[PDB]
Amino acid sequence: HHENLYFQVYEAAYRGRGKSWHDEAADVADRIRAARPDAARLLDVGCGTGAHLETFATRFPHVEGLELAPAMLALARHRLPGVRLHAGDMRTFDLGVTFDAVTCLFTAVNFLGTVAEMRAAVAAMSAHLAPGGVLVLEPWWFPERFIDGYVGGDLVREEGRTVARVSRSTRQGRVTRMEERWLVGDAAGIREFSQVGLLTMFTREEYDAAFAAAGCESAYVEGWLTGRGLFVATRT
Amino acid sequence: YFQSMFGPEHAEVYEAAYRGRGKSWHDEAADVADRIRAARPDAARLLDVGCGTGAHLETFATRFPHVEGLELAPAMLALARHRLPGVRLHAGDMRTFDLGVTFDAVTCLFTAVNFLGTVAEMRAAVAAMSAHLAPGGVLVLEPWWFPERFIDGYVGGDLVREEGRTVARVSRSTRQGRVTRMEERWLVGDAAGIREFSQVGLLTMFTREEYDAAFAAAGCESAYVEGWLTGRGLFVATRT
Ligand SMILES: C[S@+](CC[C@H](N)C(=O)[O-])C[C@H]1O[C@@H](n2cnc3c(N)ncnc32)[C@H](O)[C@@H]1O
Ligand SMILES: C[S@+](CC[C@H](N)C(=O)[O-])C[C@H]1O[C@@H](n2cnc3c(N)ncnc32)[C@H](O)[C@@H]1O
């Protein structure tokens, strides 16, 4: 007989829906080490809450983060005691040092609006790679793969609350419109919440072209733990 | 924001929810039909009062030659006709309807009577239904009782994923006296988009003493069946 309980914002939500930043980071680290057994320096770009980095730190002596939103740069530092974090734009940063690996996960690069912007980002990351360094990038769905009008839904049971969520994803051009609507029922009442988020899709040929332009040989791992696959490139 | 219950949106999703939690209108109607035959072996004409979508009536029709329905919300009576092409269905109020005809049995199931607000209204309903009974006719009524655990408040949640639509529901019910305040909030996502609609309803309990008095006031000898397939038991009365 025993019981568990946790207590005390996007990350909590995806964790409740079943996402494991730890398993993802571990798998990513295994693959980085496959290509680069001596990897020691890692930079996570668009780290957000730094959940991935929490696990990367257990695997690489030195790890760093790059983040544009200072509200998230706050939370990451809090959860990441010994981690050097930099405020910056992925499209523009320069830190004067190389890394054995640069990661860009959970569709972070798809927060850029144009192919010209994504290619500048991919080139920046590649610039911070030492020779043979590994670039890892989790892309947002490929236009060919993107179901349109896709409707998702999940029911999460939290402490004191039941949460319903229905989503709908639509496209206009290359831009993807995810409409999320939550229902939160608890002691005080039922609250409704609605969100929309926009990610700009790129094609496999577009990523592959951006890698090559920045001197990296790319490969794509179908599926992976998220469903969106994984690019693993090396800077030749 | 809030609408009244049993509108068109509610009618579309109303059965999906209770079936997903394990309700079988078929088994209920079948059991009800068996008991009607116990008390009235020759029963042939049946009327379901507050039939809603007619889910019960669907199985009653396979068991009784002539079957009819009475329903106030036209959105529920619409789907009722849809599901029951050749069945005379009537728009009416439980408290006042008059169809000029008697039946061998009149049913009022799934706490339909407890959507009335006062004891006087239930007694008018119970008296109206009894007027539509032939001598020896059977009245069967599923009353609302408070679940053993529902002391103050309850929060429910449901997600059914169908092919072509997903339906989410968060509910909240609070109790005070004999009144339960039902707040339901739905999310339907489908080909066309994401729709939300919200409802509030009042369910009012009546006492065993009140039912027994309403039946007697209406010329009926009553009896109560413990438990039943829902948990709320079942009143079965006969028209002397
Ligand atoms: C959901 S993604 C973060 C993915 C993160 N690795 C995770 O899994 O939690 C959003 C983050 O990307 C960062 N980001 C977006 N555009 C950026 C840009 N141009 N330069 C740097 N960071 C950027 C923002 O700061 C934001 O915190
Ligand atoms: C949701 S339950 C439906 C019961 C139905 N037999 C079933 O199990 O599906 C309550 C129903 O009572 C009906 N109703 C409520 N008050 C009524 C009244 N005064 N007269 C007739 N029908 C009424 C509503 O239209 C609603 O469909």
Side-chain angles (χ1 to χ4, degrees), chain B residues 3-12 14-15 25 28-29 32-33 36 40 43-61 63-135 137-144 182 199 201-204 206 210-211 214-215 217-220 234-239:
Chain B
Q3 316 148 222
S4 293
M5 317 221 298
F6 310 137
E9 274 170 312
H10 193 202
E12 183 196 340
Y14 153 80
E15 315 185 57
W25 277 268
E28 292 172 18
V32 170
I36 294 162
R40 208 167 176 74
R45 292 168 48 78
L46 180 145
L47 167 73
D48 191 12
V49 173
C51 62
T53 60
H56 279 126
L57 280 163
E58 183 164 86
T59 298
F60 280 133
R63 300 289 307 274
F64 299 102
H66 186 205
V67 160
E68 299 194 25
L70 191 292
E71 174 59 23
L72 185 67
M76 310 286 264
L77 186 71
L79 290 58
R81 293 234 182 69
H82 199 329
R83 150 204 307 270
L84 294 169
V87 183
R88 186 66 186 109
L89 301 185
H90 308 264
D93 196 317
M94 195 179 358
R95 308 158 277 197
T96 52
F97 71 111
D98 187 341
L99 306 158
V101 289
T102 63
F103 299 75
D104 292 300
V106 176
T107 71
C108 192
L109 315 166
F110 204 17
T111 75
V113 77
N114 302 95
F115 285 92
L116 311 173
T118 74
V119 170
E121 288 184 346
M122 173 271 295
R123 293 167 58 94
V126 164
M129 302 192 240
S130 179
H132 289 77
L133 283 174
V138 184
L139 203 149
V140 318
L141 188 141
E142 187 186 352
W144 173 240
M182 290 184 294
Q199 318 166 121
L202 294 194
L203 205 66
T204 302
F206 305 107
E210 261 150 13
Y211 292 116
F215 291 129
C220 282
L234 208 75
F235 283 106
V236 179
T238 54
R239 175 60 218 275

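Lettering of chains follows the sequences in order, A, B, ..., and the numbering in each one begins at 1. Side chains are part of it too, since the values below use all heavy atoms of this structure and drop only hydrogens, waters and symmetry mates.
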What side-chain donor-acceptor pairs closer than 3.5 Å can you find for residues 117-127 of chain B, not counting sequence neighbours?
residue	atom	partner	partner atom	Å
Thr118(B)	OG1	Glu121(B)	N	3.2
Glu121(B)	OE1	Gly117(B)	N	3.0
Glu121(B)	OE2	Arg95(B)	NH1	3.2

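Looking at residues two or more places apart in sequence or on another chain, you find a ring pair (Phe, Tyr, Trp, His ring centres under 6.0 Å) between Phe235(B) and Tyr211(B), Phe215(B), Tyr224(B). Legend: residues meeting salt bridge (charged side-chain N to carboxylate O under 4.0 Å, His left out) with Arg83(B), ordered by chain and number and at least two apart, are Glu15(B), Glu58(B). With sequence neighbours left out, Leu79(B) forms a side-chain contact (heavy atoms from CB on, under 4.5 Å) with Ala11(B). Taking the salt bridge (charged side-chain N to carboxylate O under 4.0 Å, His left out) definition, one finds that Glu12(B) meets it with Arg165(B), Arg195(B), sequence neighbours left out. For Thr59(B), the side chain to side chain donor-acceptor pair (under 3.5 Å) partners two or more places apart in sequence, or in a different chain, are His26(B). By the salt bridge (charged side-chain N to carboxylate O under 4.0 Å, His left out) test, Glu71(B) is found to be paired with no residue, residues two or more places apart in sequence or in another chain being considered. In terms of the salt bridge (charged side-chain N to carboxylate O under 4.0 Å, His left out) criterion, residue partners of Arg40(B) (sequence neighbours excluded) are, by chain and number, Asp104(B). Listed by chain and number, the residues in a ring pair (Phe, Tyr, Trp, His ring centres under 6.0 Å) with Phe110(B) are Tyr18(B) (sequence neighbours excluded).
Across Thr204(B), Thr111(B), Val113(B), a single residue satisfies side chain to side chain contact (heavy atoms under 4.5 Å, CB included) together with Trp144(B), and that is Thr111(B). Of the options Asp48(B), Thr107(B), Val106(B), a side chain to side chain contact (heavy atoms under 4.5 Å, CB included) to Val140(B) is made by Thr107(B) and by none of the others.
The shortest heavy-atom contact between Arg239(B) and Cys220(B) is CA-SG, 3.8 Å. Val87(B) and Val67(B) get closest at one heavy-atom pair: CG1-O, 3.3 Å. The heavy-atom pair separating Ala80(B) from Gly54(B) by the smallest distance is CB-N, 4.2 Å. Annotation for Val138(B) and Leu133(B): closest pair O-CD2, 3.4 Å, computed over non-hydrogen atoms. When all heavy atoms are compared, the tightest approach of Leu89(B) to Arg81(B) is O-NH2, 2.9 Å. When all heavy atoms are compared, the tightest approach of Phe60(B) to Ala29(B) is CE2-O, 3.3 Å.
Applying the salt bridge (charged side-chain N to carboxylate O under 4.0 Å, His left out) definition to pairs two or more places apart or across chains, none involves residues 124-135 of chain B. Sorted by first and then second residue, the ring pair (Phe, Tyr, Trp, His ring centres under 6.0 Å) pairs involving residues 71-107 of chain B (not counting sequence neighbours) are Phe97(B)-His132(B). Sequence neighbours left out, not one pair with a member in residues 109-119 of chain B passes salt bridge (charged side-chain N to carboxylate O under 4.0 Å, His left out).
We find the CG-CG distance between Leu57(B) and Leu70(B) to be 10.5 Å, quoted to the nearest 0.5 Å. Taking CG from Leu116(B) and CE from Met94(B), the interatomic distance works out to 4.0 Å, rounded to the nearest 0.5 Å. Interatomic distance, CG of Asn114(B) versus CD of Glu142(B), reported as 9.0 Å (0.5 Å rounding). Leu234(B) contributes atom CG, which lies 7.5 Å from atom CG of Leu141(B) (distance to the nearest 0.5 angstrom). In this structure, the separation between SG on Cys51(B) and CD on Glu68(B) is 10.5 Å, given to the nearest 0.5 Å.
Contact check for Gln3(B) versus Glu9(B): side-chain heavy atoms found under the 4.5 Å cut-off.
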